[PDB]
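S.K.: After the structure tokens below, expect a handful of questions from me.
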Protein chains: 2
Amino acid sequence: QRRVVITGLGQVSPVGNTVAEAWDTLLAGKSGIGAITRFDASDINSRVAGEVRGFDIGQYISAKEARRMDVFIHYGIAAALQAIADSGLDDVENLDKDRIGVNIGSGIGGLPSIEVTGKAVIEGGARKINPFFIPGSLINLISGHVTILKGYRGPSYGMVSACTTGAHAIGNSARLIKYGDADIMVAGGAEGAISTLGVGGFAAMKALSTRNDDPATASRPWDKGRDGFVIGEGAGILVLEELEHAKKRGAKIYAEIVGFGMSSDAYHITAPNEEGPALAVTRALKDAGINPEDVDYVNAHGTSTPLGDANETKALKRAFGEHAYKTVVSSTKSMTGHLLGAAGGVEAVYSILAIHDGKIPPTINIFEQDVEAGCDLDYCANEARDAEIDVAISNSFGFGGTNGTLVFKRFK
Amino acid sequence: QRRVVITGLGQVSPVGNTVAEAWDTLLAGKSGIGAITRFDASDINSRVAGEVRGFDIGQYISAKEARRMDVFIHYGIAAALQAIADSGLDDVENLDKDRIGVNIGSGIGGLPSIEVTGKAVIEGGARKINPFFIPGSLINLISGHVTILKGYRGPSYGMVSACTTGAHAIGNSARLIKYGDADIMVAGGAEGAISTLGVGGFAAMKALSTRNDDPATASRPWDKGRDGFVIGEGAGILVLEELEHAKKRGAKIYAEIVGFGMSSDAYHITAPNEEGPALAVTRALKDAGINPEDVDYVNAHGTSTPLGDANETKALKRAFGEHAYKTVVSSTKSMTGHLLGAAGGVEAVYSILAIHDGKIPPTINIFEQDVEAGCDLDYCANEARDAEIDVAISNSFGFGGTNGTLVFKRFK
Ligand SMILES: [K+]
Ligand SMILES: [K+]
């Protein structure tokens, strides 16, 4: 019955501090990956990352309060306020704030502040713990701060699903609105784990690229020379709004979310198989009431891992059949790196912008496509395309074998 | 119009390593709170806790497997496997595991292992990081390990809402089943933050009781002498199942979940207001289509805080009107302590058992009820009661001002 459209976009990421900066960067095929500057990473086998740069949280909230939060909350709050400003909700007279909720997740949360506080305790004891240590690291406090800043009293919580966090949050928020528990939801993911334990943790898994002499081409999905993903940070946020509510005020509408699919591999904890991801894609298309052939663009999970990229391709073939060769796929992680919990968030934004603008962002750094390994689809290599996008799907296949697929559609 | 019933219970907590042990301990009014033994808490102003004791994870998984996980995962897995065994799903031939999902959350997650790893890194560099450090601390890996152990391929993720985590996980899972995305959901919360940064973190917020000389009465909800909550650890898990699916097999049904209410205070980060919690209770009852007068038992938030306990009373009076004085309230945190993200889990179990067995667990340590602060309701003080419970609600009002209310009903 109830339909859910997108009326606001918010983004902070390695390719831009606003939605416009990012889109322009992505369409130009420019990388957001560089050498790690956040901390001394000389000891980690991976020393490259997608870092947020030139970003001032003080533009959004007070510096004194910002001081008391870990940076993943900075990214979430900033991207949320962007999306809210973008939707025009701050200018609606007699807005029913009781019907507005916030659902923003994170994969890992306040790892950098936990590391800092830990070092403080070792050196100084338990009395060096700041009074704001715990709220400054709690994942759900992103939603907490946003509701307090805006006076929203609808449902608020965070999700955690590793790489799939942002997808689950957005899909779940859409469910909430349809069920009637809210008319508006602010949803997405935020991540800030560029730290010794964060970067070093995934490196210990041998999951990260070690192309430290060529940062710009470290992330290269479906390329022959790929060797692991490049860690990234930031946040992507949507404003989801019930259609009639959107149309009553004169809201600008980017797209409609028509489908949400979920599955579990039940196989490996940190390596996606074929069937699990295929299930999620299938379930999402069913939920949307559309067929594979209707899908014009797939924003892939596309981590640039040897097994993952190839397994995702096989998963698409299972779910799409022959249309896997007709549709267009692309991984924006080729430019942004892998934002983990925030990945589903920013890539939802990009998918929606693809529909809205009629443009597909490229998978850069495809020098020799890995056809031998089965990666023989159209990954929109190396250059963006003008394309009529009516339906776009965004995939997220995360650690724990948890899968999510969002289905967006042009609104007319 | 699908209905959701509870066919399985699982629990690990300071009052028991099984559901039976716990329910018996609670009804006898015995405390699970003692001096902190897990680590040297000498330098922290709060040195009491609700610890899990005499618990062998090796009973559920191999030692080798366990070594790769932080303890909050241990509690989650153990409580999950308890619930799954209780429901009898392991014995159903041709069970459709594609229709079975897992949604278990945590408030903080793998804080102890992060502290351990962080120290090892300080002492020996990045090499020290175990390859299983990241998956061993990821909150969503509780669901991950359960799906893999059992072969469940339905939706899987975790939620994070602090104190309300377990409530949101259960309610959301019921919504999933109703929507049709699953027929069975394993849902609850788990927490294991009995560590320097965990206990020290909440102590730095002046949030914990400092009654270290008398651990047994440190947790005393609505008592004149209450001085902050007592931190606890553990996990509580439900097996949620669509009604016809349960009835078609020979499923034992504990109760039915008929309502789910969510709200945000939009007021204070770490201190509940009146209206926020009142909103959640009202919304839960409207969702269930039930009048306040029909509520026989309220499993309170009741963390033992000077402001929180008094505000919760005012919130109940707002939502229930005159029936605030007719119903029976009680806080099992008087015996378990506050299990954070797991609180909503174990207290859902306790609420269901109240309905099932027709008994009300007491709020112990009420020596002089704080009537002067307005705490003048019936908190089932100091001894358990036999009572016919047709409808019970369980409240969780957590940090970030996030509120969740579950409504359970006896099934016929
Ligand atoms: K994607
Ligand atoms: K409760």
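By order of appearance in the structure tokens: chains A, B, ..., then residues from 1 within every chain, and ligands from 1 in the order shown.
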Could you list the protein, DNA and RNA residues that have any atom within 12 Å of ligand 2, counting only C-alpha atoms and all ligand atoms, and write them as a ChimeraX atom specification?
M.R.: /B:163-168,277,281,297-303,312,329-334,336-352,392-398,403-407
S.K.: Filtering to C-alpha atoms, could you give me those residues as a compact mmCIF listing (two decimals), in the first residue's frame?
M.R.:
# COMPACT_ATOMS: atom_id res chain seq x y z
CA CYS B 163 19.91 -0.86 26.69
CA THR B 164 17.12 -1.34 24.19
CA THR B 165 19.11 -3.54 21.77
CA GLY B 166 17.50 -6.85 22.72
CA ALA B 167 14.01 -5.36 22.57
CA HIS B 168 14.54 -3.87 19.11
CA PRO B 277 9.22 6.25 27.21
CA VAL B 281 4.47 2.18 25.64
CA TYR B 297 2.49 -7.16 34.35
CA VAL B 298 5.20 -4.67 33.47
CA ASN B 299 8.81 -5.82 33.35
CA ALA B 300 10.38 -2.42 33.93
CA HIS B 301 13.56 -0.79 32.71
CA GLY B 302 14.27 -0.16 36.39
CA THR B 303 18.05 0.20 36.42
CA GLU B 312 10.03 5.69 34.53
CA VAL B 329 5.56 -3.63 37.96
CA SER B 330 8.90 -5.26 38.79
CA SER B 331 12.57 -4.90 37.93
CA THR B 332 14.59 -8.10 37.55
CA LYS B 333 17.66 -5.87 37.29
CA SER B 334 17.39 -5.91 41.08
CA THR B 336 20.53 -9.58 37.38
CA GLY B 337 22.02 -6.11 37.18
CA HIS B 338 21.82 -4.24 33.89
CA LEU B 339 22.84 -6.43 30.95
CA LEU B 340 22.88 -3.53 28.51
CA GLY B 341 22.26 -4.82 24.99
CA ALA B 342 21.29 -8.17 26.48
CA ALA B 343 18.83 -6.69 28.99
CA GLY B 344 15.97 -6.63 26.50
CA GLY B 345 16.77 -10.24 25.65
CA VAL B 346 16.70 -11.84 29.09
CA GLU B 347 13.80 -9.67 30.28
CA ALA B 348 11.71 -10.75 27.31
CA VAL B 349 12.36 -14.32 28.45
CA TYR B 350 11.34 -13.44 32.02
CA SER B 351 8.18 -11.70 30.81
CA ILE B 352 7.18 -14.70 28.71
CA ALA B 392 2.66 -8.50 29.89
CA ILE B 393 4.85 -5.73 28.52
CA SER B 394 8.61 -5.28 28.83
CA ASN B 395 10.18 -1.82 28.67
CA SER B 396 13.66 -0.68 27.68
CA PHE B 397 14.70 2.97 27.82
CA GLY B 398 18.29 3.26 26.67
CA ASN B 403 12.86 3.48 23.69
CA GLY B 404 11.33 0.07 22.98
CA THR B 405 8.30 -1.73 24.37
CA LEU B 406 7.30 -5.33 23.66
CA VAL B 407 3.77 -6.62 24.26
S.K.: Using only C-alpha atoms, determine which residues lie at most 6 Å from segment 177-194 of chain A, disregarding the query and same-chain residues fewer than 2 positions distant; provide the list as a VMD selection string.
M.R.: chain A and resid 2 71 to 72 76 99 to 106 166 169 to 170 173 to 175 198 to 199 233 to 242 341 to 342 345
S.K.: Excluding segment 121-131 of chain A and residues on its chain fewer than 5 positions from it, collect all residues at most 12 Å away from it, counting only C-alpha atoms, and give them as a PyMOL selection string.
M.R.: (chain A and resi 67-69+113-116+136-137) or (chain B and resi 40-46+115-116+118-123+195-207+270)
S.K.: Would you give me, as a tab-separated table, each residue of chain B having an atom within 6 Å of an atom of chain A, along with its shortest atom pair and that distance in Å to one decimal, using only C-alpha atoms and sorting by chain and residue number?
M.R.:
residue	atom	partner	partner_atom	distance
B:131	CA	A:204	CA	4.7
B:134	CA	A:201	CA	5.7
B:140	CA	A:161	CA	5.3
B:141	CA	A:400	CA	5.4
B:144	CA	A:400	CA	4.3
B:147	CA	A:266	CA	5.2
B:148	CA	A:266	CA	3.9
B:151	CA	A:266	CA	5.2
B:153	CA	A:264	CA	4.2
B:154	CA	A:263	CA	4.8
B:155	CA	A:263	CA	4.7
B:156	CA	A:402	CA	5.9
B:157	CA	A:161	CA	5.1
B:158	CA	A:160	CA	4.9
B:159	CA	A:159	CA	4.3
B:160	CA	A:158	CA	5.0
B:161	CA	A:157	CA	5.1
B:201	CA	A:134	CA	5.7
B:204	CA	A:131	CA	4.7
B:205	CA	A:131	CA	4.8
B:262	CA	A:155	CA	4.8
B:263	CA	A:155	CA	4.6
B:264	CA	A:153	CA	4.3
B:265	CA	A:153	CA	6.0
B:266	CA	A:148	CA	4.0
B:267	CA	A:148	CA	5.6
B:400	CA	A:144	CA	4.3
B:402	CA	A:156	CA	5.9
S.K.: When you draw a straight line from atom CA of residue 382 of chain B to atom CA of residue 19 of chain B, how long is it in Å?
M.R.: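 Atom-to-atom, atom CA of residue 382 of chain B to atom CA of residue 19 of chain B, that is 21.3 Å.
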S.K.: Among segment 140-243 of chain B, which ones does DSSP assign to helix (DSSP H, G or I) (computed from the backbone)? Answer as JSON, numbers by chain.
M.R.: {"B": [141, 142, 143, 144, 145, 146, 147, 148, 149, 150, 162, 163, 164, 165, 166, 167, 168, 169, 170, 171, 172, 173, 174, 175, 176, 177, 178, 179, 196, 197, 198, 199, 200, 201, 202, 203, 215, 216, 217, 243]}
S.K.: Skip residue 88 of chain A itself and residues of its chain fewer than 4 positions away, then list as a list in words all residues within 10 Å of it, counting only C-alpha atoms.
M.R.: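 The filter keeps residues 7, 8, 83, 84, 92, 249, 250, 251 and 252 of chain A.
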S.K.: Report the residues of segment 100-275 of chain B whose backbone DSSP state falls under strand (DSSP E or B), written as a PyMOL selection string.
M.R.: chain B and resi 100-105+156-160+184-191+208+223+229+231-232+234-242+255-264
S.K.: Can you pull out the residues contacting residue 35 of chain B? Cut-off 7 Å, using only C-alpha atoms, and skip same-chain residues under 4 positions away; I want them as a list in words.
M.R.: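 Once the adjacent positions are removed, what remains is residues 47, 48, 49 and 215 of chain B.
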S.K.: Hey, can you spit out that residue selection with C-alpha atoms as an mmCIF file, in the first residue's frame?
M.R.:
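The new file part13.cif reads:
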data_model
loop_
_atom_site.group_PDB
_atom_site.id
_atom_site.type_symbol
_atom_site.label_atom_id
_atom_site.label_comp_id
_atom_site.auth_asym_id
_atom_site.auth_seq_id
_atom_site.Cartn_x
_atom_site.Cartn_y
_atom_site.Cartn_z
ATOM 1 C CA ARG B 47 33.586 -2.646 41.849
ATOM 2 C CA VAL B 48 30.469 -4.815 41.753
ATOM 3 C CA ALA B 49 28.867 -6.557 38.789
ATOM 4 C CA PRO B 215 27.182 -5.916 46.572
#
S.K.: Expressed in Å to a single decimal, how great is the separation between atom CA of residue 57 of chain A and atom CA of residue 38 of chain A?
M.R.: 16.2 Å
S.K.: Between atom CA of residue 380 of chain A and atom CA of residue 327 of chain A, what is the distance, to one decimal in Å?
M.R.: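 Between atom CA of residue 380 of chain A and atom CA of residue 327 of chain A the gap works out to 10.1 Å.
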S.K.: Need the shell around residue 50 of chain A: protein/DNA/RNA residues with any atom at most 7 Å away, counting only C-alpha atoms. Skip same-chain ones fewer than 2 positions apart. Format as a ChimeraX atom specification?
M.R.: /A:14,32-34,52,231-233,336-337
